[PDB]
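There are 2 protein chains.
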Amino acid sequence: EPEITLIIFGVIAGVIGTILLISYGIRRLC
Amino acid sequence: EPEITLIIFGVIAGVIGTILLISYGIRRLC
Ligand SMILES: CCCCCCCC/C=C\CCCCCCCC(=O)OC[C@@H](O)CO
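In order, the protein sequences belong to chains A and B. So the first sequence is residues 14 to 43, counted in this note's numbering. So the second sequence is residues 14 to 43, counted in this note's numbering.
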């Protein structure tokens, strides 16, 4: 039942969110 | 409220997961 969909997408929004945020903290660091 | 609880956990698990993944990936792969 679609209760896991909230988890997977939350992970997706969690993984994507961290990669980009760190990539914006490193983009200056060459 | 239970839906947002599942989504938030996905984010937290996603945030902690990605941080550890690349932190334990940068230092490893030299
Ligand atoms: C950077 C990667 C981050 C990975 C984080 C992974 C987080 C996983 C979080 C939660 C996993 C829960 C797994 C849930 C496992 C479902 C159990 C099951 O099979 O029962 C199904 C029933 O509905 C049948 O009636």
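The beta-carbon is built from N, C-alpha and C at its ideal position, and this holds for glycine as well.
Worksheet entry | Distance between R40(B) and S36(A) (C-alpha atoms, nearest Å) | 17 Å
Practice prompt. Can you pull the chain B residues whose beta carbon is under 8 Å from the beta carbon of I39(A), in chain order?
Written response: Here the premise fails: no neighbours, minimum Cβ distance about 10 Å.
Discussion item. Shorter than 7 Å, the distance from the beta carbon of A26(A) to the closest heavy atom of ligand 1, or not?
Written reply: no
Item to complete: Taking C-beta pairs closer than 7 Å, name the residues in chain B that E16(A) reaches, listed in chain order.
Response: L19
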